[PDB]
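One chain comes next, on its own, written out as structure tokens in the form deposited in one PDB entry.
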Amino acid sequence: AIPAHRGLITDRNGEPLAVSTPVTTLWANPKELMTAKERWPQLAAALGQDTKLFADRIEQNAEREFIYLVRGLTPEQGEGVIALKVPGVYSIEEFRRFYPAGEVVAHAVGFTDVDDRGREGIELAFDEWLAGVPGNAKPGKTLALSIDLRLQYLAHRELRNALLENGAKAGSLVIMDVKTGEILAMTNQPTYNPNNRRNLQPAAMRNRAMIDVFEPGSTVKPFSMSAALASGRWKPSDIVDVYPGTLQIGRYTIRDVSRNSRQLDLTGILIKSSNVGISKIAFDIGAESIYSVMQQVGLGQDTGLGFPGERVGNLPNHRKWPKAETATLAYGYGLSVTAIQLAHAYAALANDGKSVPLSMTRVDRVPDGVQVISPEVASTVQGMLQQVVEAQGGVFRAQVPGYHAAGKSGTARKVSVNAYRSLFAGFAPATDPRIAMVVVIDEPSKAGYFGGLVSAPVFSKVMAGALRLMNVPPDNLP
């Protein structure tokens, strides 16, 4: 068994993220080692093993012709042991992974097990590509991720800082190229150092962006509005009366977060994030039109990325949608999603209504993608989301230094097989979008409206650095 050199994983610009490092494994023929017992204590010490524990192992395995003494010493230490020239003691050249960016890209890249086989992340998803063929040994193949390590560092730092400053324990941030479907960053907190998994807590190893399923709440109101503007029955200057901030449908009451409104135009329904206003539109156009937009932008659908235990969530269908179910779909409690799905959906909206498949590998030839929302409707909804960020009473903390930005805040409700998440989903620049981003901050109470307050500022700082690192021309003009 002659171990193969595992393929290099790089970022999209060739920066190393996972590198095969030479190590030396030692195995022994007991019966041959048995001829040199006065050497055993100097061998044991050079192995970092206990004199008597080492001797027992040789004696107790006297019946075997093969045992491992030690796996993955450094090549130096390996030479040190071999230079003792003890009978029965053979070396295998192995490879161990080094992760130059460590905790910063831990969940995306993942790690290898004792046998140098992928256990998590890309290491597992592309295991065959990376592994090559043991011996003639064929070396594994190089893989360039979609991840831009510069954006990844910025995302990791700003999400970590925001969580520490606001007492929060956990969260995620996804950045996508809306044109290419490329995941430019995916960071989760807490994180772990894949180069040192000794103390590693299972909590730190959760790939939240792909695994945590939640009712996305107000962040899907834009998809309800997209269905409205595609129906033929609604234009932006149309008015809905949402007074007095509540709507009774049989036994159920729809309640608005802000109840200071009567007439709202469709932009105002998104700025105020009125559940009554989006519900009244939903009753008029029918739940099926909304369900169809949400399905077409990938909400509650397989991502196709091959991450182990990535979740699909759920977009329930009905033959008949009663009023309560229609309303709860329209304002985001009738489905459950992951942060990756939500970012993919915002990417479609930002890309003038064209969905492009998700990729965690560098995209050279962009797929054709699917026109899921008309360019006219996508353009209209982009302008409405720019007002959500820019207009009076809007999400001003999402405003991006030097650019126009667009998006929607929300309170998500955790789904498990409750607890809450503070969301901000958006894209920039607002008039010619390039990047879509979702920030998820885990929260114990529902109140506070922490989407606008803690997630939005992370969006502001990360979107600003991302656009500049990508040389996107500022659209805040002199």
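We call the rigid core the largest set of C-alpha positions that still match within 1.5 Å between the two forms. Quick note: we count residues from 1 along the sequence shown, nothing fancier.
Omitted here: the form deposited in another entry. The next part is about that form.
Novice: Which residue in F283, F396, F98, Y90 stands out, with a C-alpha shift of 2 Å or more between the shown form and the other one when both forms are set on the rigid core?
Specialist: That would be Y90.
Novice: Has the Cα of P22 moved 2 Å or more between the shown form and the other one, judged after a core fit?
Specialist: Yes, because once the rigid core is superposed, the C-alpha of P22 moves 2 Å or more between the shown form and the other one.
Novice: After superposing the rigid core, is the C-alpha displacement of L315 2 Å or more between the shown form and the other one?
Specialist: No; that C-alpha moves by less than 2 Å between the shown form and the other one.
Novice: Kindly check if the Cα atom of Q77 is displaced 2 angstroms or more between the shown form and the other one relative to the superposed rigid core.
Specialist: After core superposition, the displacement of the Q77 C-alpha between the shown form and the other one reaches the 2 Å mark, so yes.
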